[PDB]
Every structure is written in structure tokens, then in C-alpha cells.
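Enquirer: The structure that follows is given in the form of C-alpha cells.
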Amino acid sequence: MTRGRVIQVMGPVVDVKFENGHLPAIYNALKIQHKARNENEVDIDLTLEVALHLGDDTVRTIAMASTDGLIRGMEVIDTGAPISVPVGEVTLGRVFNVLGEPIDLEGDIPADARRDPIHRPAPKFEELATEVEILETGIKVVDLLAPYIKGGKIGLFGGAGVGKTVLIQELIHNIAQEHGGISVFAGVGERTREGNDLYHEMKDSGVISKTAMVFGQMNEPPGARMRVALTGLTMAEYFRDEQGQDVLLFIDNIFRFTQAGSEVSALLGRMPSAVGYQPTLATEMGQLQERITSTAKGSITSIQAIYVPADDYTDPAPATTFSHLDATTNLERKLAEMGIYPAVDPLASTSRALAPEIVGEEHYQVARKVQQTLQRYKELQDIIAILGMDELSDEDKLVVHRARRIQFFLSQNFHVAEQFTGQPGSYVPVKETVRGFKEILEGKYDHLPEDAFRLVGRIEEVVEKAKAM
Amino acid sequence: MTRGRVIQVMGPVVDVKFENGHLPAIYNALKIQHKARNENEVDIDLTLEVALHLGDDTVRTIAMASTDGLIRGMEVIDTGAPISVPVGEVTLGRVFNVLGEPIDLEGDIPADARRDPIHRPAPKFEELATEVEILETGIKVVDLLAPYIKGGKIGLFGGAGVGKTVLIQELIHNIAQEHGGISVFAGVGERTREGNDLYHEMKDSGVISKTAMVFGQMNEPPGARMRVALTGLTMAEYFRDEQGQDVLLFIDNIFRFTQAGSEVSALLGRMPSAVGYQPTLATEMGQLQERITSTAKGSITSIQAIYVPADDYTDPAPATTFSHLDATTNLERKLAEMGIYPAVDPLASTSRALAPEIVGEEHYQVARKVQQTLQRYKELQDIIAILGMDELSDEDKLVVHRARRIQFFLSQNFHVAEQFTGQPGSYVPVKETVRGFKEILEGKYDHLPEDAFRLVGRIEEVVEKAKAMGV
Amino acid sequence: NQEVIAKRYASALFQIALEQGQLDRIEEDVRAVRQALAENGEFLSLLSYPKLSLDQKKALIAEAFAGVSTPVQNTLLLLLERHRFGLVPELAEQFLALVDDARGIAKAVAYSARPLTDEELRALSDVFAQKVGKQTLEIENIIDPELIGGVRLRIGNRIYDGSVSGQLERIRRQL
Amino acid sequence: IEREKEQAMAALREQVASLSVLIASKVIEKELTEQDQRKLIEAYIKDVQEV
Amino acid sequence: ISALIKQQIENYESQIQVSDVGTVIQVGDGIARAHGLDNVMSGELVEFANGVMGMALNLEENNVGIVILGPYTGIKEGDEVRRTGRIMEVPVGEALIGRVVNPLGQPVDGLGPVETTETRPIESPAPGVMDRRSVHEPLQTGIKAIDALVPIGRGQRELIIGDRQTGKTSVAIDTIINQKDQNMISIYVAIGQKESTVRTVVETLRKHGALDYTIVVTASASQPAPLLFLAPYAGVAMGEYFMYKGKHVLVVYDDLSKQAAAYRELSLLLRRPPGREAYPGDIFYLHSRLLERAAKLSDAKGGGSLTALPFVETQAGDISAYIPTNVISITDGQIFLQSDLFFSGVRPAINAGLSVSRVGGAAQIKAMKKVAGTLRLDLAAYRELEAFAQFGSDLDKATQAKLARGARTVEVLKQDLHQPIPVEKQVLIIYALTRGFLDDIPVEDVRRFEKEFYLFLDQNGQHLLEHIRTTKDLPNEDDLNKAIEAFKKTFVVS
Amino acid sequence: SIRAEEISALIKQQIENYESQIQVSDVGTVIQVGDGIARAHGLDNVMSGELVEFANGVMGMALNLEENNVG
Amino acid sequence: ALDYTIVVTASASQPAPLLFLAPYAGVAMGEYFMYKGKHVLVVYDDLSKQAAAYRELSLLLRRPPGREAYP
Ligand SMILES: Nc1ncnc2c1ncn2[C@@H]1O[C@H](COP(=O)(O)OP(=O)(O)OP(=O)(O)O)[C@@H](O)[C@H]1O
Ligand SMILES: Nc1ncnc2c1ncn2[C@@H]1O[C@H](COP(=O)(O)OP(=O)(O)O)[C@@H](O)[C@H]1O
Ligand SMILES: [Mg+2]
Ligand SMILES: [Mg+2]
């Protein structure tokens, strides 16, 4: 029989003792439902993740909630599996904690629903996809200068008023519109009021009916914040595997995953690794980000926010995330104050997929000419500042006259911004933005005014916006 | 008739338990010779040396080879002595491992040969010899600024891939033929191919048969590498005691001795010392390094390469060995990336023999004025880095203009570096490098370009290289 | 980490029992102490209680553990003075292992689908006594009727299997 | 395609083997062990002699 | 199906097996302790109840320290650990060529079992001092900047060091693809890589026909640290089967810094006191007993070699870190890859100043020496004059004969991806570069000049190619100046 | 966590001499030897920081006086 | 301002658990008015002292330390 006794409680770490031979495996879930039998006790509903086997039939667990009220000798349910989290169409449009329970007040998920284990081994070498194919977003700065990958890890660099949530939300809308997939937002260790604001933005933008939210936030123990990306990822894996579609998987502040792992390691009593990180930093990051892959069934492509502490890109928590990333989309405050949406910095944003053997020769040459034109414009900024707009040369005036048209053609009208600006917003396929930037580079649209290029989708649409102005 | 069982096997470290009152002393050698009774066993021929006593008749040992295959309960034979190493005239021209066994495939040393124990106390106060006289090397930085001592300890501090094996081979090429006495090479934790190359150039240059070689290369488990230098050292000190011979001793990476001690120290049950090192980082190296001495019977002039981890001279294993050496040359990666070979830091390299009573007066004034101009140029580095050469006050311009020339005339072409560049290499006597640096300090060669001074033996070769450049 | 300390204490008591020439009495009352402390587990929790002084606990051992021999009682009081009374059953098991090593008695556990007759047990003892090197040997028999038609015998940490896993071996070889 | 075919054949074989073993065990269970017990003892003795 | 079952049921005989078991005390973080196992030896493979393998590191007085080789979530306290009798065997053989396996030698690509016969131990001693021989045979990578500037001979260890996204894996796959004509057996050991990138690496090797002679040994980022720790040792254990038969083996280690991180993990979980950058004390000995086991044997041992190409990933180009300087002081040189040159378009981004080869130079083919010494001095002069002489005018020699030739050196030494060049075409194009024949072709057309010149050599100058292919020396210099000046009349400057 | 003074030769003479405790006031027996350190059972009446000679004639300084051994 | 202010104090001479439990007493006084509809401002003067005090409590309870010996 799998009924155990609580031996030690010390903070978020609980030691539970079972009988011999009936020990729970590592990473299994252990429920404690204890109703108070008198006035000297506290009602407790609390689950535990098994972390070690200490010997003498004792098991060291980590806690998912507050351990206050626990008594040595309180009996523990062994569930016989890890944290089983509901999957399927019942999760789309719902907000969840790390246990797969609704934070929302809409209703409870029934007991007959399918629940997939939170800890799964990564898909094998024989199951992965051999070819690197491009996840087409319809956002021109993304799919022209830092192209995404089905099965790719992408770093959002920005936050605090540069349009990160709008970019996230437009990615959900475009992928669930054109590619037919869904999205999963996993808010790992990020504060409660930003989760509330993000919930109400996706509520009043219609985006939420095609996404599933998982919030494990700051007020929760470190074992609860560490398993958030895994319980959002096991929701993304249902639609990768059983449905066979291309899924987004947002992890807001992936650095909170690493530091929650460091806190669980410091509670478990392990000797610290380089700096303040756990010894298993690369192994925990690998067990996270090797399930975000493209198989023959579908894909999971993850857009992730990275904190980069101490402005240090060589700190081990940035340095082990960057070994899994494939693209970076630097969001800039200067492009947001200029009137360019999305605020993706075109020169700072790089991608591994921007290569002729992956996307093609035409896209590569157009994208590199756009990058060289914008780099030379940024170099000529100081000459225009100290010398004036005129009298530089003819070629410098021509490259400014093309580069400013380019840097305003990068912005789009979003479908999510339709509720604020009234214009419907556009999905721009990648052949049309390659053709549009090639025609801007060849001088086909020098005679049009440059404020027609701002916030418009295609190149025919800037033809009609210039003839309407 | 009193033998012991294996209790614990933890990496390089084996616990052996004997009977009551029959346990060995510290540092005695223990032999494991097992016969592999069934399919689930492996033949073993191990030598263990005692390191500690633990109580309950148990003994904490360090293995000299790999412990893969040891079973608990395996029977251990006590020998009653430390690791005894054969020595005499029979070790000249032979190559040995850490147990004193020949590995050059030329035969086997007989059992009736003389075998000195490895572990002996250091030479005392009253036995030492403190004469100081210059060992001439043919290297301009070494002859000018840090003169080596015939009979003293010499250290080649450097990072990884900075030039200290090339410098140890250049000193072998400049000294070992001219020496006229026994040489000993101890290879502690260097490359195994550098032991093959060095053996074959000893064979080609005839320095073998007056050379005894011992290799404990970086493939070996750390119990070997803690004792390699002691085998080479007992071979050298036989010659300087029992024969009164002049002995050259060469150790490439004596850092690997202390690193091999650090690799075993955690398993021996010790608390971590400074950084990751043993607590005994100073006395384990002092009981080795202070046996490498010149006494009243003979002298050992020992030239030792010393690795510096992560280019950090403040690390405890490079820091605790500066106090042992008479003359040092500190190699810099910053100078090796400038094309300056040997990349000897001219300021940080010192000697006990740069005194006016030893090298003479003129040598001393030229050396100190070279160091003064290089120190003033090092002081002007920041003004040159930000504001450039333009604001220096017309004597600082002359300091920089001479110090570039002095810094490049410290670099030299080697005989050993002919395989790197094709340039044949030079041997500069002490009078000619003092004359060349004096003529650079006098202003005689300010008109020549500064790239004409790189990798050049004497100062007439500076003249002819500038002539070929077109000045 | 308790079994090595129990081996330490039991080796000391074993050397005392051999130098006094009274090995059988020390074996008998160590078996008595092990049976008495396996009968009731509250005695260790009683002797771990802080309000009882050390002399009162020594009086409890001198009154309760009476009839045992003098080195056994001195060993128990030495364990009480060293706060190592928790390892008395471990001491008893390690000491009986040393006694069975001295006498040559080996311990074996045989799993057979039928209860084995005494002639078969004597035959198995005569077979495996030459195999393990011991003089004599003991068999403990448990049925465990999941086994089908064979014996599965274990001497220490080595298992001699011939009961079921022939079929498991052949179905692992076919697949 | 060829690899898939081989894998399918292997899978079928494994299933057949599994089915056969359980059935064999049931047959053994049904069969009287009185004769078998004596034989097992003899086999054990033989094994001991061999080893 | 039914025939082989009846044959094996008619062929079997009865037996009794011994087991030699022990029971688990603790399981945690990939490391177990276990009672029992009285006659287990150190370094022995043990097998758990579920089929996961383990490695006995520590034999203590009552328990055995077992390091779990695989998924440790199925192993519980009370499970049964039995012996195997063997010390860290991986399956080795000719039958392992063309397969993708884990560090235990089990197939991961899913193309069936790997039917080998012999096994070699993972931790075996290196060849001795007298068992070696000096490196004198060329290992041709097909990369022009490597084969000219930093040459690699058969039997040495060439570190390929640089930051992330600098082209280390591309250099590895190019030098594995180039060994198709040679009698070289490549091995690609991928340690801590993304398994999607290893999937695309295996596919771009099979596109170029490279899986007819190479072996991929993968231990991905999601695998536990014990499998990450034994990937390179399985790489040399699979290479030495062919090394000690007389064959020549190339072994590439993708990110040994991800081996060092995993051994740091595996030792901090064993609670061993760490040193600089929290690495253990034997983090040098980890790489040193690995790379020193890669040699050039003598004629008495067989003559075979094992050339190794380990990788070290730097952080912000700091070559004076702890693991880079540990691997530099083991290997026989380095190829240092800039990120500045990689993002300025120079690919392969070899920093020719910080890169060096020690036994190389004695490895070049007696033509590349004469052709490439002037190349190396021209490139050093160009990259040390470009950073200083960017602004302002200067004298005519430094304005033309240094810079306008060095830009041509940079444009020659660039390559495309997955296109290795044979060494005779490299010799001829660096001859045309250094002898002053690219001083009139403009900088923007040197790569098209090279691409057309190789097609010219494949049709007209075939005798020059066969002369360098047989004699290994340059041809007659007038006979070669005729062919180059005859191609220059055909070339269109544009 | 095994204590240093738990040695089967020392435990034997304490179970044998349990009723009549003999004092080891001036003599002492060594428990551990290593790296210039000796743990010594016995020496009941030593002072802290005392000259202590071994059986060879080598002197030693008794720094640590724990409950059942002398450092 | 003391018609609407509550003051919770834990000085340096108070035991480290009172320093640890001062802000939780602050929010326990604040949430009673928050869940009645009122508006509360809670001011935590030097939470770094609470971090130091909980470091002290965890180290005296010999919980395993982390960065700067905080738990
Ligand atoms: N010679 C080359 N020519 C053109 N492109 C190249 C060349 N070498 C590398 N690249 C490009 O650089 C990209 C990254 O290089 P690579 O992955 O080999 O570097 P890496 O250091 O191994 O990266 P990581 O460490 O992240 O695996 C590749 O996508 C490839 O397209
Ligand atoms: N005198 C020299 N001339 C030219 N190059 C040198 C000289 N000394 C060292 N080098 C270069 O620096 C490297 C240092 O190699 P080596 O001395 O063998 O390693 P370490 O310094 O780690 O012992 C050599 O490969 C060589 O290329
Ligand atoms: Mg060296
Ligand atoms: Mg790579």
C-alpha cells in the first residue's frame, strides 16, 4: 500500500517515508489532502514532486505550495505518475496553474479528461524533421530579416513599453489564422498584475480563444515556478503530436526558469556550480528545450524572453539559453517612439535561418541589401547631424532616400491594433515582402512620399495609399 | 607472510587493511598482483604507495596506475620500502617510467642493480653550496636581464601555448652539448609526443648516453605524476652525491606535480585549500623542490618550466614556487601575440645574479637602463592608447621611440624555431648583447625602422636586415 | 553509515568472545537481545528520551538486560554512554554474521514452488558447501507460488536460478 | 520502406513470442509438479556439479 | 517466423545462470549508491532492473557508488542491480560505420541493430613514447585557409576554438566530407548539441555520401550528464579499433566545453570540492587522458593514426579562460575563429595570428609550403595594416603591395559551404595569388575568377593537376605561368 | 559520520575494562597519522599546547583536545 | 497622520524572527482592510534587514546556504 508518513518539513522541502518496495519514482506527484480533525489543526490541500531517494525508505520532495500546517505523520497519497495536466480542446481559452487546474472562475475540468505527464523524454533522433523549414509569420521584419524556424527557439529582447505583448499577440493571431495552429503562453515566474493585463488584452482582442495560458508566478514556491514551462509545453505537445499542427509556445522570462532551478537546487542541498547556478543548469535547460523541436507530425516553435542579468551575455544563464536559440528579435524603444510597429531593431536582429541554403538566394540578397542600406544610413546619421541633410553626395542622398523608405516599409498594421486604429491589418506572405523590398531597392517607388510607407502591409497597398494621399 | 585486503577503491585512491601491528610506514610501496580467477575478473599489476593512516589497521594509499578492475578483498603485498628506482651508470641513455622500469625497449635492468629509495629528506643547511656564477645561454633577454646561474634553480613561467617548451628545447640545444656532464630530463604531465620528439633529437644530437630520461606524461593517473619528478630527482642526486658530477636537470611542467596532488587531495579526505588546491600545497612542493639543490659534492642546475593556469600569476601553484627559484623568466601571452619570441616579460623576470659584483658594472648599467626605458614606456601606455604619440613631451617620444626598438631587440630567432619559420637561428654571446643594447640606448640606431629589429641575433644583423628592407 | 560502525563494535565483541573462550554464550544472548528488541520497538524511543538521566537508563539496562553475559552487558552500556543505542540490532546482525563466519555456517534462501523435503535440503547443503567453501550451510524455504517447477536459491548476494527464467530466457532469445 | 517492413516483421514476431510465453506458463501451471519437483532438484544438483 | 523458432527450440540446451546482485540504497540526480555487489570491480558496467546501465565509480566499504548511464527516473530504492563482468565496453567494428549511436554503442537512428563482434574498453591507456612516430602525412581538410595557413597532419590534435555561431561545426563537416577519396575513417562526436542540428548534420553528411565511412556518436543536450561525459571516450574507443588495425581515423569532438560542463555537473553531484570556475581538479585529466590517446603510431605498432579535432566554445573570444587554456596545453595547435571576421563576411573566419599548427609545416605536401609562406606573411601584413591605416593616406608600397594584395588574400581564402577543394587546385590558386597574378583582377571578382579557374584546370591544365597529384611538387614555373596567363586572357573582368 | 576513536582495538579494551576504568593519563596510542597530524586516543591529563614526544623521539604539539582523542 | 496610520516596529536589538515577521504582520494588518474595500499603503523600511535576518535564521537552523549565504 502506497500510504506514507511525513518525516521532515523544512521550508519548501518535505521528506516523506513509505514502506519498503512501495517507494514512488522520481518526479512523481504526491498529494496531501488532510481535513482538520480538531481546532489545533489546519485544512491542507498540497502536492509534492519527488526529487530524491534518501535511503531508509525516505523520499525528499519539493513542494508546489505553502507547507504551513503540515504535521509529522500526516499521510500522503502516491499518485503513481508525475503531475498529470489536462490536454486537448478543453485547455484553449483557459488560464491554468502548474498543476493543470483553472485559475479562471469559468469552471472545473472533469475527471474523465485526458491528462498527459509533465515529465516526458525528448523526441528521439528517428522522430525529428530532417529539413529546416521556415515558420511564416506575416510580420515583415520577422520573416524578412530574422526568419523563424518551425522547431526554433527565438529570443525576445526588450520589454517595458516597446510592444512585446502586441508582438506576441499578433504572432498568435497570424499563426492561428494562416497556419491553423494554436499557441500556449507559459508565464514562468513573472508577476501577477502583468499576467492579469496580458489576460485582459487577449480577452478583448479575441486572441485568447485560440491560446492556452499557464501562469506560475512569483508568489509560488521555487518548485512551482520551475515546472511552469514544462506544464505549458506538455499542452503544446498535445497539438504537436495528436493533432499534428504547428504550435507556438511563449515563455515569458526564461531566466526565471533558470533561477527557480537554482533555488530548488539550493533548497535540495547541492553544491553550487559556476557562479550561483545549479550543477544541472545545462541539463535542466536541455530537458526543457529539446522537447521544443520539429517532428514529422508537427512542430513547436518557441518565442522566449531573456533577461540577461548584469548586462552580461556571458553569464551562464544567458550563455546556456543562447546555445539553443535560433533567432533574436531585438525590440527597440527608438523605433517605437519613431512610429514603427513592430519595434524590431532590423540591424540587431539576427537569425541562423537567414542563409541562402535555407530560405533561398533572392530572399538572402534582398535581406542583405536591406541590412547594408540601413547600416550605411545609421553611419550617415552623424554626417547628416553635423553637416545637414543636403551636400553629402549624390549616392549618400540616394541611399538615405531609399533607406528611410525601407525603414518605414518595415512597419505593419496589425490585426490586434485594429481595435485601436480602425484599419484592418494585414498578413504579408514572404514572397510579397521580398518582392516589395526588391522593388524599393531598385528605385521603383522613389517618387512616392515616404509617409505612405508607414504602417501598411504590401507594396500594392502603398501604391493605393500614395494615390489616396 | 603478512598481507592486506583491499577495503575501498575511490578513483586513484585505494584503502588497504592489514593485520594489527603489521601495517606499513608512510610512503612504502605496496604491490597488487592478481591472477584473474574467472571470467568476471581482470589481471592486475598495481603498485600502491602509502599516504595516510586511518585507524582500525587500515591504510590510505595512492595508486600509481589505473585502478580499473580492482575488487574489494583483493590481496595486497607489502614490500617494506618506498618505490625503489634503479640508478647508476645503467640509467644513462635509458628512458624510464615512474616505477623506474625502462620503457625504451632496449632491455630490462637486472635485479642486482642498485636501487635508491625515492623518499629521502632534503639536504641540510651545512651541506649546501651558495656560489653564484653565470650560465651563458645565448638568449638576449636571459643574458641581459635575468642571468641564469650555474648551479641554481631556474623557472620558466608561462601560460598555455606561450613558448616555454620551445624555450626548454632551446636551452637544451644551447647548454646540454656544452655542459660536459650528466643531464636528466623529467617529463611531468607534458605531451607524450613531446617525449618522442625530444628522445629522437637526443639520439640525433648525441646528448643521449650522458642523459637519463623519465616520462610521466599527461595520460598517466595522478599518482604517477606526483612521483615522476621524484624519480628523475633521485636519479640526478645519485650523480651529484655518489659521483660529484655536474648535473643538468630539466622538468617540463612541474605545475603538474601540484595539480596531480590536487586531483588526489579530495579523495584523501582533506578539506579544500585555497581555490581548489590541497591544504598541503606548500609543503608537498617544498619537500620536492628543496631536494633539487647544489651541495658541496656536486651541483644540479635545474631549469624548470612552470605552467600558469588561466594566465593567472596570482594562482597558488605559480605563486608559491616563485620563492623557490633563483632566476625566473616570466612569459607573457601579450608579448607572444605581438610576435615577440621569446615572450619574456623583461620587467617581471628576475635573477639572483643581476648584481654589479657578478655580471660586471657595464652589464648592470645596460640592463637597468633597458628596464628603466621599458618601465617608462609601460607607464606611458595609457596616454598612447587614448591620446596617441602626439602629446608626449619630446623626451617621452624618445622613450617610446627607443623602447619599441629595445622591446623588439629582446626577441630572437632560435635554432629550435627553424621548423616554425625557416629562419636558421642565432647564439648571441653576453658581450655582444650588452654592446648591442648599449648602442641602442646611445641613439646609434634610432634612424633604422623598428620592424628591422625583430627576430635577429646581433646588432650587425639589425643593420643588414634594415639594409635589405631599404633604409 | 550504520553497518560499518556495527561491524566495528561487533568485531570488538567478537575478539572479546574469542579471547574469553565463550563464543556460544555470547552468540546465544546476542540472539536474545536481537529477539527482545525486535519484539518491542518502543525501548529505543524510551532510551532516547531526554528527561531520563544516563544513570537511570543504565539502571534500566542493568535490570532489563539481565541474564546476558558480562561482555554483552558492558557492550550495551558502552553503546548507551556513546549515544549509539540505535545500532544494537545492527550490532547483533553483524555479530551473528561474524559468528557464522567463524563456525562455517552459511546462510542461503531457497525459493521453490513445492515445499522441499529434508533430504533435498541436506543434498543442497552438501552441494553448495563445496561451492562457497564453507563447512556446513543452512536453507530457509519460502514457497512463493508464482514460481513454477524449480528452485531459486540465493547465497548472500548471488542468485542460483533454475525455476522460471529458462522460459523468460528463451522468449528473450526468440524476440 | 524496406526498413519499415523489417520492423513490422520484428514487431509481429515479438507479439507472437509474448503470446506463446504466457500460454506456456499457463500450461506449466496446469501440469502436475510432483514429478517436476524431483526433476528440478536433480537439475539443481547437476548445475552445482557443472559449476 | 515459424522456422527459426523451431530451429532454435531444437538447438537450445538447459543451463543455470548466476546473478551477483545488489540492492539500491539511494537514487538521486543520476547517481546511485547500492549495497551488495561484493565482487564488483571498479569501472564495471552494472545493469539495473529496467535495463538501464550503470558505472561503478566508487567502491566503498559497504556500498558501491553507481553512476546511472541513462534515464534515472525508473530506478527506485529497493531495485536490484546486477553485474555484467565487463569494464565499460562499447561495441566496436566495421559494422558500426554509417550508423548514429549513443555513447554506449546502441543505435539511435533506428535502422536496426548494430551487429558487431568485438568490444573495446572505454578507458584504455594511451600509446607510449616509443610506440609513436612523428607526424609526416597530410590530413587534407579542403578548407583553403586551414590547408595553407594552419595545416593538419595525420596524428595530431588540432583544437578548433571560437565563440558560438562562428562556424566550428561547418569546418568539421567540411573536413569530414573531404575524406571521401582518402583512406580516412571519420568519427563525429556530438556532445551537448541540439539533436535537430545533429539530425541536419547527419542529413548533410548523407547528401555528400559521407556516411559510407563516418560514424556519428551523439549525446544530446537533453541526455543526462553521464552520457555527456562518456561520448568522447566512446569516440576514441570506436576509433582505436581501426587505429590499431593500421587504418587512419579522424575524430571530431563537437564542444568539449559541453563535456567539461557535464563532468562539472557529475562531480558536484558527487560533492567533490571544485576549483577555478567551479570545475573539479581533474578537469585537465578528463581532456588529457582523452586527447593523448590520439596518436601517430610507429611502424612496429602498425603505422595507423588517430587525428583529433576537439572544439572549445569561448565566451566573448576570451582565449585566456580556464577550459580553453586547458585544451590549448594538450593539443598541437589551434584554429581560432573570429566573430568579427565571421560577421564581417570572412567565412571561414580564421584568425591567422592566434591560430598556429605545430607539427604542421612538416605535414604540407612540398608544394603548399613554397606557395603558402608568402600567403601567410601577406595576410598578417594585411590584417595588421588595415586596423591602423584605415584613415589617411600613406606611401605607395603600403598603399598597393600590402593592402591591394591582402584584400585579394582575403577574397581567395573565403569559401562557400560544403564545397571542399582538392589540394592541387588550392596550390594553383594560391600560386596565382602570391606570384602577383591577381593584382589586376579587381577585389569584387576574385571568387568568380577562382570558380572559373577550377573549371579551366579541369579541362585544359589537367597535366599540372596530375603532376601535383603524383609528384607533390610544383610543376615547372614557366609551364604554369603559361596556363595562368592563358586563362587571364579568357577571364572577363566586369 | 564515524568518530575517530571508534577503533576495534580501542573498543575492545573499553568493553573489557568497563567495570574498572584504567587511566591513560600519561601514555597514549595513535589513531591516525597523516600530513603532520596525529590523532591520539588516551592522554587524559595533557595540557593544551603541550610538548608531546612519540616513540621515535619526534616532538609534537597537542593543539586540539577533543572528548576522546588528542589532536 | 496618526489618525489613520499603524506602526509596526522591529528594532535591531529584537530577535531575528521578529525582524523576519515584521512585514508579514504588516500585510496581515493591511489585508483586513483590503478585503473590506478600503485602500492601504504598506511601507517596508529596509527589507534588506529582513533578508539579513532570514539569512541568520536559516544559517542558525543550518539550512543549506546559497549566494551570499542567503537560503
Ligand atoms: N564557410 C562558410 N560559408 C558560408 N556560411 C557558413 C560557413 N561556415 C559557417 N557558415 C554558416 O554559419 C552558420 C553557423 O555555423 P556553425 O553552426 O558551424 O557554428 P557553431 O559555432 O558550430 O554554432 P553552434 O556552436 O551554435 O553549433 C551556419 O548556419 C552556416 O550556414
Ligand atoms: N622562439 C619561437 N619562435 C617562433 N615561434 C614560437 C617560439 N616559441 C614559441 N613559439 C610558438 O608558440 C607555441 C608555443 O609552443 P610550446 O612552447 O610547445 O607550448 P607551451 O608554451 O604551452 O609549452 C609554439 O607552437 C610556436 O608556434
Ligand atoms: Mg609545454
Ligand atoms: Mg556547433
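Convention: chains lettered A, B, ... in C-alpha cells order; per-chain residue numbering from 1; ligands numbered from 1 as shown.
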Please identify every residue of chain B that has at least one atom no more than 6 Å from any atom of chain F, counting only C-alpha atoms, and report them as a list in words.
Expert: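 In the required form, that comes to residues 52, 53, 54, 55 and 56 of chain B.
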Enquirer: Could you list the residues in chain D lying within 7 Å of chain E, using only C-alpha atoms, and format the result as an MDAnalysis selection string?
Expert: chainID D and resid 3 13 47
Enquirer: Any idea which chain E residues end up within 6 Å of chain A if we count only C-alpha atoms, as number ranges by chain please?
Expert: E: 25-28, 73, 76, 78, 109-110, 199-200, 221-222, 265, 268, 277-278, 315
Enquirer: Take the selection from the previous step and output its residues with C-alpha atoms, as a compact mmCIF listing (two decimals), in the first residue's frame.
Expert:
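Just written: again_27.txt:
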# COMPACT_ATOMS: atom_id res chain seq x y z
CA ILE E 25 20.22 2.46 -1.25
CA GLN E 26 19.85 5.90 -2.82
CA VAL E 27 18.86 7.33 -6.19
CA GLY E 28 19.32 10.99 -6.96
CA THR E 73 13.54 8.15 -13.25
CA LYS E 76 13.96 3.36 -7.20
CA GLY E 78 14.96 -1.26 -3.41
CA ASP E 109 18.96 6.34 -35.82
CA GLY E 110 16.55 3.39 -35.85
CA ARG E 199 19.80 15.45 -37.47
CA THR E 200 20.63 18.03 -40.14
CA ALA E 221 21.61 18.39 -24.62
CA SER E 222 18.64 16.62 -23.01
CA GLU E 265 27.82 18.60 -13.02
CA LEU E 268 29.39 18.47 -7.98
CA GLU E 277 35.16 28.37 -12.38
CA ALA E 278 33.77 25.59 -10.12
CA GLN E 315 32.73 33.37 -24.19
Enquirer: Considering only alpha helix (DSSP H) as DSSP defines it on the backbone, what residues of segment 82-142 of chain C qualify? List them as a ChimeraX atom specification.
Expert: /C:88-103,118-132
Enquirer: Output the neighbourhood of ligand 3 as a list in words, that is, all protein and nucleic acid residues with some atom at most 8 Å from the ligand, counting only C-alpha atoms and all ligand atoms.
Expert: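 Sorted by chain and then by number, the residues are residues 160, 161, 163, 164, 165, 166, 190, 191, 252, 253, 305 and 307 of chain B; 329 of chain E.
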Enquirer: Which residue is closest to chain A? Choose from C:7, C:2, C:46, C:76 and count only C-alpha atoms.
Expert: C:2
Enquirer: Once you count only C-alpha atoms and all ligand atoms, which residues end up within 9 Å of ligand 2, and could you hand them over as a PyMOL selection string?
Expert: (chain B and resi 158-170+190+194+252-253+305+307+331+336+339-343+411-421+455) or (chain E and resi 325+328-330+332-333+355-359)
